[PDB]
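Taking the form deposited in one PDB entry, here's one chain by itself in structure tokens.
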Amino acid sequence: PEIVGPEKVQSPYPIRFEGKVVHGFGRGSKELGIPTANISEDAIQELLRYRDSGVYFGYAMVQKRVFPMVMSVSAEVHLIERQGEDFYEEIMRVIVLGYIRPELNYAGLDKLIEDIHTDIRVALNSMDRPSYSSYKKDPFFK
């Protein structure tokens, strides 16, 4: 599907949390134009308590700037941006707005990378709606 999630953001969404980025933003995903941050197990256990594993979407803030994102749930955040920004800080705020799909069986490196680009396209489409886009200015990102 080209789009996912109901018209409005409602329970279980949104899910707000702040966590530390462990192991920095790797050069590999950076070379692919997908800044990636792995969130520390702590700070997400309670906020993600009853959520199924898989790929989620929403917004994330780093270095005082907000970007749309997709996150694999452990939590791996892939920021969506096309300018090759310099990400290095260790604290990130994330707001999960909806679910995209469950995890898929591993089928190689390129398939993994292509699924991420697809998830990103779908996330962008899914957040085009007013109930979703307003969270870019959420007080949590103050």
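The term rigid core refers to the most C-alpha atoms you can superpose between the two forms while keeping them within 1.5 Å. From 1 onward, residues are counted along the sequence shown.
Form solved in complex with a small molecule: not shown, discussed below.
Undergrad: I'd like to know if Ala37 sits close to the small molecule in the deposited bound form, meaning any non-hydrogen atom pair within 4.5 angstroms.
TA: Contact with the small molecule, yes.
Undergrad: Can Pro14 be called a contact residue for the small molecule in the deposited bound form at 4.5 Å between heavy atoms?
TA: No - in the deposited bound form, heavy atoms of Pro14 and the small molecule never come within 4.5 Å of each other.
Undergrad: Is the gap between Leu124 and the small molecule in the deposited bound form 4.5 Å or less for some heavy atom pair?
TA: No, no contact at 4.5 Å.
Undergrad: Taking the shortest heavy atom distance, is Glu41 within 4.5 Å of the small molecule in the deposited bound form?
TA: Taking the distances in the deposited bound form, the answer for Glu41 is no, it never comes within 4.5 Å of the small molecule.
Undergrad: Taking the small molecule in the deposited bound form as the reference, which of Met61, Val77, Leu48, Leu97 has a non-hydrogen atom within 4.5 Å?
TA: Of the candidates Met61, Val77, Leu48, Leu97, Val77 is the one lying within 4.5 Å of the small molecule in the deposited bound form.
Undergrad: May I ask whether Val66, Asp128 and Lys137 each come within 4.5 Å of the small molecule in the deposited bound form, counting any non-hydrogen atom?
TA: Judged in the deposited bound form, none of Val66, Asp128 and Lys137 sits within 4.5 Å of the small molecule.
Undergrad: With both forms fitted on the core, check whether the Cα of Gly24 differs by 2 Å or more between the shown form and the other one.
TA: Yes, shifts by 2 Å or more.
Undergrad: For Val55, decide whether the Cα shift between the shown form and the other one is 2 Å or greater, given a superposition on the rigid core.
TA: No.
Undergrad: Do you see a C-alpha shift of 2 Å or more at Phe87 between the shown form and the other one, with the core held fixed?
TA: Yes; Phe87 is a residue whose C-alpha shifts (by 2 Å or more) between the shown form and the other one when the cores are overlaid.
Undergrad: I want to verify one pair: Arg82 and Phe17. Are their C-alpha atoms nearer or more distant in the deposited bound form compared with the form I supplied, knowing the change is 3 Å or more?
TA: Those two alpha carbons end up closer in the deposited bound form.
Undergrad: So the Cα-Cα distance between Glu89 and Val22 shifts by 3 Å or more in the deposited bound form; is it shorter or longer than what we see here?
TA: Closer is correct, given that in the deposited bound form the C-alpha spacing of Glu89 to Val22 is reduced by at least 3 Å.
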